[PDB]
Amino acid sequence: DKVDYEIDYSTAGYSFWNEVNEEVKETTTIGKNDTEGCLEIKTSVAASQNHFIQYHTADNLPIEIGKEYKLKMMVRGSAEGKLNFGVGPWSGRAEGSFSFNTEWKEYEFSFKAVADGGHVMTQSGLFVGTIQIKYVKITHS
């Protein structure tokens, strides 16, 4: 697999778009954990809807409409849980989900790009605990 795009949170900072609904603002944090070296999303109260805790995990993707790619995400959580994602611009995305657990694993998602560019929209409002994301990559064969 050839790498088109990588963000490696073990070294680089987190500065992408993120939004927590007022419903769970006080009990949710999204940002880089400098000690672990990961993007970290922590919740102590589940949101009523999964998209109520939403954040880009990668942005300005070098993908072209109609071509085949993979999304790769290295993630673990404090318990078993699911995050949903879409790859694409605000206008519409290629969507999927990863079921993670307490072990570090790289999950993969194959897709046809639905547009040029965009971001990896990631959503986990229903999950209570700590999600850690070490890196995100877009690849092709």
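One-based numbering along the sequence shown.
- The stretch with the higher mean CA B factor, choosing between 34-42 and 97-105, is 34-42.
- Remark: stretch with higher mean C-alpha B factor among 106-114 and 59-67 is 59-67.
- For the set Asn18, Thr130, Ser124, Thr11, the PDB entry puts the maximum C-alpha B factor at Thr11.
- Among the modelled residues of the chain, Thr27 sits in the middle third by CA temperature factor in this PDB entry.
- The deposited CA B-factor of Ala79 belongs to the middle third of values across its chain.
- Compared with the other modelled residues of the chain, the Cα B-factor recorded for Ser91 ranks in the highest third.
- Sort the chain's modelled residues by C-alpha temperature factor and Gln54 lands in the middle third, per the entry.
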